[PDB]
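The structure tokens that follow cover one protein chain in two forms, given apart as structure 1 and structure 2.
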Structure 1
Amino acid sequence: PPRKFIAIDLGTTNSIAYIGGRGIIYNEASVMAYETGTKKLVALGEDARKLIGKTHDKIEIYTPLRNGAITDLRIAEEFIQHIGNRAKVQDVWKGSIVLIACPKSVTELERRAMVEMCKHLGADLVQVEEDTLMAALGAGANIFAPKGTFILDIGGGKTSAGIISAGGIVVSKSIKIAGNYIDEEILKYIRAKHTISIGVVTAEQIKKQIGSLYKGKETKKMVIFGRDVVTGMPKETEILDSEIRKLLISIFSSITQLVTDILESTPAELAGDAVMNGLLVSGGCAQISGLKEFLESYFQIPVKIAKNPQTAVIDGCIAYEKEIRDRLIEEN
């Protein structure tokens, strides 16, 4: 009666859950909506993300993570349980082997609490791994080889960079300059340069639709809808990709600096691997147009943009199944 393997990518922006024999059962926003002042969940995932900034007084929004850190442990615990309910499997936790991948900013205290909760739910084994380690494996690097894997993971709450070798993280660092920061800067820029008020939904759509870090073959622009800063009256304006590219390049100076900082702290034998083989890039922001060109021009090493940039962590978790199963056989 093989034990069920359950894997959870717990992320600031999105979370993914996988159950062996079922595949991915959840791949949606890390957001919940409750009837205000009650325990009644009214939305989870994408339906809850849509409610952000669009609620009335009797709906409120909770997010288990903010900038890679747990906001409220009970909220995080309930979120995990609601994710598991999406499986439609009775007693899904019972006798299960659970792998949770989470940001480094989740404390050991919070990790142990998640372990104990899943154990309370029926799990026979619970292990917690750093998202950066799983991302590199899922994005295709042999993290187990004695060889330096150079990873950059640009998410919503955090950007992390590190060197991986021989099954573990050798050195790493995370910064707050990531997707959420970028979209807030676009919002601020639009107000400052176009004297128009927009929200974060529009700023993110600008970033996804016309954002770039290098001039592409295609010139793009956008019409956006907002309110005049002066009159509060309805207003629409055109945003050019060139003005957003200038902004993104300036913002990404902190991200190139992070990559340089990792290299400067890389042990010398591993640094030759990082330089010769180059950078592996994952996370949702790895999809920004021209990122590869931007990084290759600056660093003059190969840059691989993961083809699975948002499922890299869960895919690593799935690849890590034998390793987690061997930890249970051996704990006997």
Structure 2
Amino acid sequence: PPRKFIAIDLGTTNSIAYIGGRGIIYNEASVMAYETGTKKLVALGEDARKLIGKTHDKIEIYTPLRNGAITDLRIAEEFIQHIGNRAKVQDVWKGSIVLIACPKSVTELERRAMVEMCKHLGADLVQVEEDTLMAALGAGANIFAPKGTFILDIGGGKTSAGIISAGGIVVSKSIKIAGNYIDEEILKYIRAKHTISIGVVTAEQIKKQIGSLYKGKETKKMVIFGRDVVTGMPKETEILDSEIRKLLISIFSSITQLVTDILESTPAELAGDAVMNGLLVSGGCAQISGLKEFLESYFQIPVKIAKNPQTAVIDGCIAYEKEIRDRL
């Protein structure tokens, strides 16, 4: 009987967990809530993230991962244990093979601590890899070839970019300008320009429905509702795709600067791959309309949007099961 394979994409806003033979058992916010002063779990994932607004006083909300940052290693273990509890199987960790994908900001100390933590839970083997390496494999890139792979992952709380060659990361950097920032900046733009406060969900909907980085085949506008800034009264206004496009382009100056920084670090041996093969784009924001065209216009290299951008990291972990088992 083979050892169970467990993959955890720690993620930047949501975590995703996969168990061999079960599939993906967790995919939502990296948040948990307890009755105050206890470890009595009242909500996990989305059910807990909702309450961040005004939590019931007899309830404490914990955020083990804030934009991909580990807030506390003991709190991170609680969260990992809650994920494994989803399997509803006694001793899910015993003798298992565990792969954890994490942002590069997770220090070597924290990665080694998570290895000891999972081994203490019962794992036979624990391996920690960077999310950009797994995202490229999940999105369909041959990360094991000596050819240069150039990856950009726009998630919820981090945007990362890197160069991959021969199964490993050659260089990678990350910034804080990502999906959550974009939603909040849409909110702030509409408050300043239309004197109405919208909720985060309306901001996300604006992004999805009419947001773009490049002038497409359809001109759209949108009716939205929010709180009038002066009076507080519910108020309606129309938002044009052109003003949101201008806003998104301004935000993405940070993301094109990140790609420029990575491209400026390309070794001479891989420069041809950058020019001829170009960029692969994954993450939740990879589906912003016109992103391919916007990036191709700026960098004059090919850009490819991943087929599975929302799940590239965990899909790569799932594909990486063979490599771990093979090399064993």
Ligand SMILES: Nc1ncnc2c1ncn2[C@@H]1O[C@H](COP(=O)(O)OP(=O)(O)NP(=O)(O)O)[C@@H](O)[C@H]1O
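One-based numbering along structure 1's sequence throughout. If you superpose the two forms and keep the largest set of C-alpha atoms that fall within 1.5 Å, you have the rigid core.
Peer 1: Is the form solved without this ligand shown as structure 1 or as structure 2?
Peer 2: Between the two, the form solved without this ligand is shown as structure 2, not structure 1.
Peer 1: With both forms fitted on the core, check whether the Cα of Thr219 differs by 2 Å or more between structure 1 and structure 2.
Peer 2: Comparing the forms between structure 1 and structure 2, which are aligned on their rigid core, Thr219 does shift its C-alpha by 2 Å or more.
Peer 1: Superposing on the rigid core, is the Cα displacement of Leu270 between structure 1 and structure 2 2 Å or more?
Peer 2: Comparing the forms between structure 1 and structure 2, which are aligned on their rigid core, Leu270 does not shift its C-alpha by 2 Å or more.
Peer 1: Comparing between structure 1 and structure 2 on the rigid core, is the C-alpha shift at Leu280 2 Å or larger?
Peer 2: Stays below the 2 Å threshold, so no.
Peer 1: Once the rigid core is matched, what's the CA displacement of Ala7 between structure 1 and structure 2 in angstrom?
Peer 2: Reported C-alpha shift between structure 1 and structure 2: 0.3 Å at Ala7.
Peer 1: Quote the shift of the Cα of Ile59 between structure 1 and structure 2 to one decimal place in Å, the two forms being superposed on the rigid core.
Peer 2: Once the two forms are fitted on their core, the shift reads 3.4 Å.
Peer 1: Core superposed, what is the CA shift for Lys88 between structure 1 and structure 2, in angstrom?
Peer 2: C-alpha displacement of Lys88 between structure 1 and structure 2: 1.7 Å.
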